[PDB]
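Take a look at the structure set out below.
Protein chains: 4
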Amino acid sequence: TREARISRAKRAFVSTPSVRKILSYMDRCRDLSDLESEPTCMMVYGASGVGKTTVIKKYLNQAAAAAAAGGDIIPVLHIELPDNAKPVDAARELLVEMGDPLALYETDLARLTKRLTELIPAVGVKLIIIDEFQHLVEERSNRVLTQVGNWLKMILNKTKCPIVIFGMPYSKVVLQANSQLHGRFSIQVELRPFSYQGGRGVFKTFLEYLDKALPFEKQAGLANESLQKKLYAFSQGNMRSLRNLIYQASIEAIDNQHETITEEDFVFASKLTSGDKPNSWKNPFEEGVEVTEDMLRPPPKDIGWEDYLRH
Amino acid sequence: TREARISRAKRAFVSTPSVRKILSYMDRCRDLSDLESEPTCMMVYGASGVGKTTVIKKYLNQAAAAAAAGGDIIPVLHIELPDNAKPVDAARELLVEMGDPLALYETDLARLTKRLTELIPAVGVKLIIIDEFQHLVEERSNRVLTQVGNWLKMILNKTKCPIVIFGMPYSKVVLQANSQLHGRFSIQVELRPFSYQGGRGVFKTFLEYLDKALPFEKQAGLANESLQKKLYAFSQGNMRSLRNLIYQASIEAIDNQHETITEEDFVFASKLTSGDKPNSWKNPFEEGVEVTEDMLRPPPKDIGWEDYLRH
Amino acid sequence: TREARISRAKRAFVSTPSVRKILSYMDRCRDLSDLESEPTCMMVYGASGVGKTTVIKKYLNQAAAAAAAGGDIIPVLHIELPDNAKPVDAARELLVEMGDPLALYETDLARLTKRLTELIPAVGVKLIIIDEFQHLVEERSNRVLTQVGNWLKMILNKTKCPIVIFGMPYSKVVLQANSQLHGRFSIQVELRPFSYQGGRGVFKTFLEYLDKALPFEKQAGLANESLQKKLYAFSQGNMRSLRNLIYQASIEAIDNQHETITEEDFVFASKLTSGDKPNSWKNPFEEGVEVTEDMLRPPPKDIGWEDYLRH
Amino acid sequence: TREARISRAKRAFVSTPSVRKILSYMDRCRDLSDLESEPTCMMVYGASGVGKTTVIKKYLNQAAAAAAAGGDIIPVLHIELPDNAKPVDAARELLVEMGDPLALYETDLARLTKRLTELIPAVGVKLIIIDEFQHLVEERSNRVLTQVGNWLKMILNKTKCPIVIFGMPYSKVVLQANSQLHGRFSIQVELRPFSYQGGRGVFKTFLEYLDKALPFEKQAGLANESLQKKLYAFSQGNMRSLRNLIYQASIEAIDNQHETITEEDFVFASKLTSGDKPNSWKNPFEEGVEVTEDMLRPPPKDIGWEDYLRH
Ligand SMILES: Nc1ncnc2c1ncn2[C@@H]1O[C@H](COP(=O)(O)OP(=O)(O)OP(=O)(O)O)[C@@H](O)[C@H]1O
Ligand SMILES: Nc1ncnc2c1ncn2[C@@H]1O[C@H](COP(=O)(O)OP(=O)(O)OP(=O)(O)O)[C@@H](O)[C@H]1O
Ligand SMILES: Nc1ncnc2c1ncn2[C@@H]1O[C@H](COP(=O)(O)OP(=O)(O)OP(=O)(O)O)[C@@H](O)[C@H]1O
Ligand SMILES: Nc1ncnc2c1ncn2[C@@H]1O[C@H](COP(=O)(O)OP(=O)(O)OP(=O)(O)O)[C@@H](O)[C@H]1O
C-alpha cells in the first residue's frame, strides 16, 4: 500500500488563477486594513465542492505557519457558522476558537462581546475568516435571520478587524437583507466551476498540473484528446467529484500491479462515485457510451442556487 | 429442546456477494480515510428486513472483537438515530455511546460538541456508523429536518472521521435536501432483496449454504425443484420473513421427533408467520394452492418506498 | 371437466397470413421509427370480431413479455378510447395506463400533457397502440369530433413516438375529417373476414390448424368436404362467431363421454349461438337444411359499415 | 441494417428555391425588426406535408445552434397553437416554452402576460414563430375565434418582437376576421407543392439533389425519363408522400442485398403508402398501369382548402 503514496496522492493542490487571485486579495485585505480606520471586508462565493476550504487552509498555511510555530499570536482565524446561528451561538464559538479561553459556560451576549473585543487586540488578530454564511437562511421558508448580521456589523465597527466571508451563491440574499452589510462588503467575487471542454482552457493546464502532481513517476495518461471528454462528461465542472473520481482511480491502480491509471480501473472508479449524480446525468464509461456535444455544455448561473428553488 | 441447537439455528449467517461487497467497502473506507484529510463517507441503503443490522454486527465482530477485548479503544462505533432527532438529541446519544461519560445531564449542543470533538481523537475512533437515517422525515408530511444533517457536516469537517450511514431507500431525499451533504456522500449502494426464482440465481447458493448451516445433520431437503417455488411465493425477496419462516419450521421440527424440515410442520410455520403479508398476497401451502408464474415476479424499485406514497 | 383442457381449448390462436403481415408491419413501425425524426403512423382496420384484440395481445406478448418481466420500462402500450372521448378524457386514461401515476384528479389538459410528454421519454415508450377509433363519431348524427384528433397530432409532433390505430371500417371518415391526420397516417390496411368456401382457400389451412390446435388427441373431423359448407353457412366470414360455435361444441363434447366433435353436440352448439344472426340468415343444422350456393357468397365491402347507414 | 444509414437516409434535406426564399425573408425579418419600433410580421402558408416544420427546424439550426450552445439566451422560439386555443391556453404554453419557468399553475391571463412581457426583453427574444394557425377555426362551423388574435396584437404592440406565423391555406380567413391583424401582417407567401412533370422543372433538380443525397454510393437511378412520370403519378406534388415512398423504398433496398432502388422493391413501397390517397387516384406501379397525360395535371388552388368545403 505504502500509505505515504496514498496521503501524498490525496493531498495534492493545483493553483488555478482564480485561487491565486483570491489569496492575493486576502493578503491585500490583511495588510491593507491598517487597524486604525474602516476595513475592506471582502466576500467570497462558490458552489458546493469548488475548493473553498482548501483555499483557506492554503491561506492559513502560507500566512500563519511560522507565526503559529513561534508563539500564541493567532493572527488569522478560521470560523464556520453553525446552523441557524444565534448571535450568542456564533459569538461563543468564535470566542472559544481563538486564544485559550473557557468562554462558553456563560451565554450572555454582552459580556462575551466585552471579552472578545478586549481579546481581539490582546492577541493581535490580523484577519477573521468565516466559512459558512448560508446557514442563516431558514430551511422551509426563505426568511433570513440577521441577528448575526447586525452583530457582525457591531463587531466590525467596534474593532476594525477585516472580515472575509465565504459562502454559497444563494447566500448573498442574506447580504441583501441588511443594506449596511451590503455596503460594508464591497468586494464580492465569483469562484464558479470549470467552464468548457472545447480546448485551450484553464481546465487543460489544471489537468496536466494534476497529472505531474500524481504519484505515478512516468505519466498519468490524462489530459488527452478523448480523456477530458469523458472527464467533463462525468463531473460538470465539479472540482470535488472530479478529484474524488481521480483519487478513487489512483488508489485502485496502486492496490495492485499497475503502472498508470488505465482503462480497467478508471471504470470501477466511475462505478463507485456515480451516486451523487442526478438521474438525467449520463454514465459514460462502461460499454459503449459516446458523449454528445450538448453534454459538455457549460454550467449555468444558478449552479449554487438549487438549494433555493423549492420554497 | 437443547437450547444450544435453538440459538445455533437462529444465529446463522450466509454471506451473499452484496454483503461481502459492503464489508469490503467499509474496510476500504476505514483504512482509506487517513484522518489527515477529507474522508470518503459511504452511504448504504436497503429496505425493511434485508439484513442491515446483521451486516454491521458482522462488521463490528470482524473489526473490533480483539480491540475491544484488548482495552478501551472503541475504534468502530454503532449509532441509531432516535425518531425526529434533534441535533442535541442525536449528539448526546452518540456521546454516551462511546467512552465512559456522564454526558447527557447537560443539553447545550455547543459544549457537548466540544467534548465529542476532543474525545474522538482521544480514544482513536476509526469509523462512525449510523443505522437509521429515515427518522429525519416528518410523519404526516414529507418535510425533512436537516438540523442533524448540517450538524453531521460540521462534525465531519471538524474532525475527519469517516461516516457510514445506513437507512431506508426513501431516506435518500433527505440527502437531496442538503447539496453539500449530497456531494460529501459519494458512494451510495443498492442492497435490494432477492431478484428471481427462475434458476441459476444467487438465491440458490444462499439457500443451500443456509441448508448446510442448519442444525440437521444429514440434509434439510430445501433448495429443490419445487420448494424454492413456494419459498419465493411466501417471501417476496424478503430476507427477514424467509429466515423467520425457516426458523419457525426448524423449531417445530426439533420440538418432537423429526429428522428434517418436512411437509407437516413447514405448513404450521406458514400458518404462523402469514400475518405481516398483504391481503392480495397469496397463502400457498395448505391444501391445493399451485403458484402461477406471475407471482414469482421480481420486486419493484419502490420496494423500500411504501412509507412515502400516502402523503 | 379438467379446466386446463377448457382454457387450453379457449386460448387457441391460428396465424392467418394477414395477421403475421400486420405484426411484421408493427415491428417495422417499432424499429423503423428512430425517435429522432417523423414517425410512420400505421392505421389498421377490421370489422366486428375479426380478431383485432387477439392480434394486439399476441403483439404485447411477443414484444413485451421479457421487458415487462425485467423492470418498469413498458415499451409498448395498449389504449382503448372511451366513448365520445374528450381530449382530456382520452389523455388522462392514456396517462394512468403507463407508469405508476396518480394522474387524474386534475383534469387541466395542458399540465397533464406536460406530464405525459416528460414521461414518454422517461420510461422509454417504443410504441403507442389505440384500439377503438370509432368512438369519436356521434351516435344519432354523423358529425365526428376531432378534438382528440388534433390532440393526437399535437402529441405526435411533440414527441416522435409511432402510433398504431385500430378501429372499425366506418371509422376512417374521422381520418377524412382532418387532412393532416389523413396525410400523417400513410399505411392503412384491410383485415376483412374470410372470403369464400369454394376450395383451396386460406380458410382451409386456418381450419385444419385450428383442428390440430383442438384438445382432442386424434382428429377433430373438421375441414372436410361438407363440414366447411355448413360452417361458412353459419358464420359469414365472421371469426368471432365461428370460433364461438366451435368452442361451444368443444365444451359440449368434453362435458360427457365423446371422442371428437360429432353430429349430436355440434347441433346444440348451433342452437345456442344463433342469437346474434339476422332474421334472413338461414339456420342450417337441425333437420333437413341443405345449403344453396348463393349462401356461401363472399362478404360485401360495407361489412364493417352497418353502424352507419341509418343516420 | 446499420442504423446510421437509416437515419442518414431519413434526415435528408433538399433546398428548393422557395425554402431559401423563406429563410432569407425570416433573417430579413429578424435583423430588420430593430426592437425599437413597429415590426414586420411575416405570414407563411402551405398545405399538408409541404415541408413547413422542416423549414423551421432548418431555421432554428442555422440561427440558434451556437447561441443555444453558448448559454440561456433563446433568441428564436418555436410554438404550435393547441386546438381551439383559449388566449390563456396559448399564452401559458408559449410561456413554459421559453425560459425555465413554472408558469402554468396560475391561469389568470393578465399576470402571465405581465410575466411574459417582462421576460421577452429579459432573455432577449429575437423572433417568435408559430406553427399552427388553422386551430382557431371551429370544427363543425366556420366561425373563427379571435381572442388569440387580439391577444397576439396586444403582445405585438406591447413589445415589438417580430412574429412569423405558419399555417394552412384555409387559415387565412382568420386573418380576414380582424382587419388590424390583416394590416399588421403584410408579407404573405405561397408555399405550394410541385407544379408540373413536363420537363425543365425545379422538380428535376430537387429530384437529383435528393438522388445524390441518398445513401447509395453510385446512383439512385431516379429523375429519369419515365421514373418521374410514375413519381408524379403517385404523389400529386405532395412532398410528404413522395419523400415517404422514397424512404420506404430505400429501407427495402437496404434490408437485403440491393445496389440501388430498383423495380422489385419500389413496387412494395407503392403497396404500403397507398393508403392516404383518394379512391379516384390511380395506383400506377404493379402490372400494367400506363399513365395518361391528364393525371400529371398541376395541383389546384384549393389544395390546402379541402378542410373547409363541407361546412
Ligand atoms: N486547487 C485544487 N487542486 C486540487 N484539488 C482540489 C483543489 N481545490 C479543491 N480540490 C479538491 O476538491 C475537494 C473539495 O474541496 P473543498 O471542500 O474545499 O470544496 P468546497 O467548495 O469548500 O466544498 P464545501 O463548500 O462543501 O466544503 C477537496 O477534497 C480537494 O481535494
Ligand atoms: N446473510 C444472512 N444470512 C442469514 N440470515 C440473515 C442474513 N441477513 C439477514 N438475515 C436474517 O434476517 C433478519 C433481519 O435482519 P436485519 O434486522 O439486519 O434486517 P434489516 O434490513 O436491518 O431490518 P431492519 O432495518 O428493520 O432492522 C435477521 O433476523 C437475520 O436472521
Ligand atoms: N387467429 C385466430 N385464431 C383463433 N381464434 C381467433 C383468431 N383471431 C380471433 N380469434 C377468436 O375471435 C374472437 C374475437 O376476437 P377479437 O375480440 O380480437 O376480435 P375483434 O375484431 O377485436 O372484436 P372487437 O373489435 O369487437 O373486440 C376471440 O375470442 C378469439 O378466440
Ligand atoms: N426540402 C426538403 N427536402 C427533403 N425532404 C423534405 C423537404 N421538405 C420536407 N421534406 C420531407 O417532407 C416530410 C414532411 O415535412 P413537414 O411535416 O415539415 O411538412 P408540413 O407541411 O410541415 O406537414 P405538417 O404541416 O402536416 O406538419 C418530412 O418528413 C421531410 O422528410
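Taken in order, these protein sequences are the chains called D, C, K and L. For the first sequence, the deposited numbering begins at 4 and goes up steadily by one. For the second sequence, the deposited numbering begins at 4 and goes up steadily by one. For the third sequence, the deposited numbering begins at 4 and goes up steadily by one. For the fourth sequence, the deposited numbering begins at 4 and goes up steadily by one. Ideal Cβ placement from N, Cα and C applies to all residues, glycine included.
Does the beta-carbon of residue i have 16 or more other beta-carbons within 10 angstroms, so that it is buried, or is it exposed?
i	result
D:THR4	exposed
C:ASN153	buried
C:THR295	exposed
K:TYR235	buried
L:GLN239	buried
C:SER18	exposed
L:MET157	exposed
D:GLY74	exposed
K:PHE271	exposed
D:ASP310	buried
D:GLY49	buried
K:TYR173	buried
residue 3 of chain K	There is no way to answer for residue 3 of chain K, as the model of chain K reaches only from 4 to 314.
K:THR110	exposed
If you check the beta carbons only, do residue i and residue j fall under 7 Å apart?
i	j	result
K:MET29	K:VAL167	yes
D:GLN179	D:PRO90	no
D:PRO85	D:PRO196	no
C:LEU217	C:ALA223	yes
K:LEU194	K:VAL292	no
D:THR43	D:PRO165	yes
C:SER40	D:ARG14	yes
D:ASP279	C:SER189	yes
K:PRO287	K:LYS233	yes
K:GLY102	K:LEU115	no
Quick one: residues in its chain with C-beta nearer than 6 Å to the C-beta of residue i, no 5 flanking neighbours on either side, listed in chain order?
i	result
L:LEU97	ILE82
C:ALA256	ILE264, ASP268
K:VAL22	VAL58
Going by beta carbon distance, what residues of the same chain come within less than 7 Å of residue i, once the five residues before and after it are set aside?
i	result
L:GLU100	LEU80, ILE82
K:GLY127	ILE76, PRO78
residue 318 of chain D	Any answer about residue 318 of chain D is impossible in this case: the structure gives chain D only from 4 up to 314.
C:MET242	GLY52, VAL53, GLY54, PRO196
D:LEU112	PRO90, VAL91, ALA94
Quick one: residues in its chain with C-beta nearer than 8 Å to the C-beta of residue i, no 5 flanking neighbours on either side, listed in chain order?
i	result
L:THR120	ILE158, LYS161, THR162
L:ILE59	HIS81, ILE132, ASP134, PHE169
C:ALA67	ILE77, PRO78, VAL79
Please list the partners that residue i has in chain K, where partner means a Cβ-to-Cβ separation under 8 Å.
i	result
L:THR276	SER189, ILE190
Could you name the residues of chain C that residue i contacts, counting a contact when the two beta carbons are closer than 8 Å?
i	result
K:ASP75	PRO303, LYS304
Could you tell me which chain D residues have their CB closer than 7 Å to the CB of residue i, listed as they occur along the chain?
i	result
C:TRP154	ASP86
C:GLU121	Going along chain D, no residue has its Cβ under 7 Å from C:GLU121, so there is no contact; the nearest lies around 12 Å.
Residue i touches chain L at which residues, Cβ-Cβ below 8 Å?
i	result
D:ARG300	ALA72
K:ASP30	Here the premise fails: no neighbours, minimum Cβ distance about 12 Å.
Using a C-beta to C-beta distance shorter than 7 Å, which residues of chain K count as neighbours of residue i?
i	result
L:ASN247	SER189
L:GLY52	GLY186
L:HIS138	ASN153
Residue i touches chain D at which residues, Cβ-Cβ below 9 Å?
i	result
C:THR149	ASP86, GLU142
Going along chain D in order, which residues have a C-beta closer than 8 Å to the C-beta of residue i?
i	result
C:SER182	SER51, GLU309, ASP310
Query raised in the report: Fully enclosed by the segment 121-174 of chain K, which alpha helix (DSSP H) runs are 4 residues long or longer?
Result: 150-161
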